[PDB]
């Protein structure tokens, strides 16, 4: 009532809309689509990575062929979404009659952006869900009906478009507003919404609008995009989550560092990601190529491999990572099926600013991008290809080659303009560029290839020099490359393209059965 008489009170409410259910530190399940477990660890559901908790862990079961409606992780995603939606709805109603101002107009756009992102993610995975815009009582909420995915996505287009119009451009966001949604953040989600609709023409336009605004650019340094000290002082990270150790610190280090650095090794990259990176001359990787060096897995490979993952013998935080079937379990250096250590032989390097001390691995500074300009450039190109628009070398140079040409990466430029061939090149570049950032599952789902890439066994790092490998891997690598057997998936086509409505909600509301 009187609360809304004050712009500072509106600002306070808006801070809660951004925060959602995120809390300080370690989380054992998602607290938001953008939390470390909600976003980054979705890579565990993809062909890029594995969850150390293993094949029986219900998070991993989301895409392994074993998802059921009583799953605790899908219920978290559902409830945190609808909790934020409900607070956005109250905010949008409550602010309507407050004094007009530029700040009021901006904050309405921020609330609409935030609400629409929740429906974007709900629509990506649950697909057909209640579209709630009004403040409901508990009873009313228990009797809502589903809206189709197509109708939700159309609504998201309208909402992201309206939000973008009234959000400041990226260049107008000062340092003190780091983390706040800009025009380009809303346009990037608009573009992703259009790709889900397969409205490729509209998606190309949304991403191209970001490019033509001219506020963003590819950063010279790839690693620094993901570090707290540098991640907000570049022109590439459009939308991100900043963690400040005195406020809501991130527990990602506790969870994803290895034992030598105080962590629990929860995040484990897989062999199929390791194998995806090109050689330095841009040709595809093969274990049969003489450039493959089992003593230095990142040597003569795309620099993004060593920037993103590490492995036995690599240096991380100034000391050597030791991980092998031959090493000591007491030292948490053994690769096995039980220790508090990597299940694959790989670890994630991305997001860890190695030269800067971390005072508390359970509540650290951190910076996790949600929308990067590299995704915008690759998204634009993907949309043009899918919309049957002619690709020129100029277009390649402004998109895929700007991403590959980043100074710290400097990979050979693409010249392919044949659309069928370019589709696979762009999808692959996107896989490499965005690896371990929580987008791969979203991509393999929307592309309709999840049932192909998640129909397979999961392998780990190669160990040709291991004496214990032959008798301790659950299965000897049938390709002859001595990769560790990690586990398997049997994603169901079509069932696992859609998450079921959580069981508790089906039980309450007959319209959701």
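Positions refer to the first chain, counted from 1.
On average the C-alpha atoms of 276-284 have higher B-factors than those of the other stretch, with 365-373 and 276-284 being the two compared. Once the C-alpha B-factors are averaged per stretch, 286-294 and 243-251 rank with 286-294 first.
Sorting 225, 196, 190, 396 by the CA temperature factor given in the entry leaves 196 at the top.
Sorting 432, 330, 381, 182 by the CA temperature factor given in the entry leaves 330 at the top. For residue 176, the recorded CA B-factor ranks within the highest third of the chain. Only modelled residues enter the ranking. Among the modelled residues of the chain, residue 63 sits in the lowest third by CA temperature factor in this PDB entry.
Annotation for residue 202: CA B-factor lies in the highest third of the chain's modelled residues. Among all modelled residues in this chain, the alpha-carbon of residue 357 has a temperature factor (C-alpha) in the highest third. Sort the chain's modelled residues by C-alpha temperature factor and residue 334 lands in the middle third, per the entry.
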